[PDB]
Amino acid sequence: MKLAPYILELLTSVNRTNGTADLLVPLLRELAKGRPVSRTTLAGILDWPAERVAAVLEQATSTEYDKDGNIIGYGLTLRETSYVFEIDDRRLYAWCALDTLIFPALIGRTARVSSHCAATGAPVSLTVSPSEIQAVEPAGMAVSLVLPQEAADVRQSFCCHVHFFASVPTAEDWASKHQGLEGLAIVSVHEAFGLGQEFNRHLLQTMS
């Protein structure tokens, strides 16, 4: 269909707090090692004062921390979710279906992604590289999209409604029951990957 509204609102949510886009990619690369990430480590990678790392993370209210206050989850996460994101046999996780399509390009790694259809519980899997998706199972796999909302917890507002589905008709059947969701739309996983490529292209533009 036409996915500009989703690209627009995703970019605005990242660019709404200065620093977020510039912290996101280095943080995702660190989390992809599979270990908790300290604020001190992040400040050193960014060459930022600690107070600036703090102020950016303060606005990212969905950030997940461990017992030591290390970062363990920001889109990519060490804590188990419905979206399995495996790189180099390290099993990591993602907050939503679209995250699994976006991250490989940002971290420069190929991921074996797996989940379950949110309508039928059927297993779904695919391989996501920086440039392409392969081994899409089922081939007709679909994704739900909603419009992110201003100054809402991004994970309860967006990620929790962005699922994989076994097929577009299965997802549209599910979608008929959930019309209260703002801007709910069903797309193929290829369309969703294209949305991710457009997001990532604009994201890298706006980095320092």
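C-alpha atoms forming the largest set that superposes within 1.5 Å between two forms make up the rigid core. One rule holds for the numbers: they count along the sequence shown, beginning at 1.
- Relative to the shown model and aligned on the rigid core, the C-alphas in 4 other deposited structures of this protein deviate most, among 151 to 159 and 38 to 46, for 151 to 159.
- Farther from the shown form on average, by C-alpha root mean square after a core fit in 4 other deposited structures of this protein, is 13 to 21, of the stretches 13 to 21 and 180 to 188.
- As the entry records it, the average C-alpha temperature factor is higher for 129 to 137, out of 129 to 137 and 114 to 122.
- Averaged over their C-alpha atoms, the temperature factors of 13 to 21 and 180 to 188 are higher for 13 to 21.
- Out of 26, 69, 44, 36, it is 44 whose C-alpha atom has the highest B-factor in the PDB entry.
- Residue set 87, 84, 102, 76: peak C-alpha B-factor at 87 (per PDB entry).
- Among the modelled residues of its chain, residue 161 has a C-alpha B-factor that falls in the middle third, as given in the PDB entry.
- Residue-level temperature factors show residue 144 in the lowest third of its chain, judged at the C-alpha atom.
- Ranked against the other modelled residues of its chain, the C-alpha B-factor of residue 64 as given in the entry falls in the lowest third.
- Among the modelled residues of its chain, residue 3 has a C-alpha B-factor that falls in the middle third according to the deposited record.
- In the PDB entry, residue 55 places in the highest third of its chain by CA B-factor.
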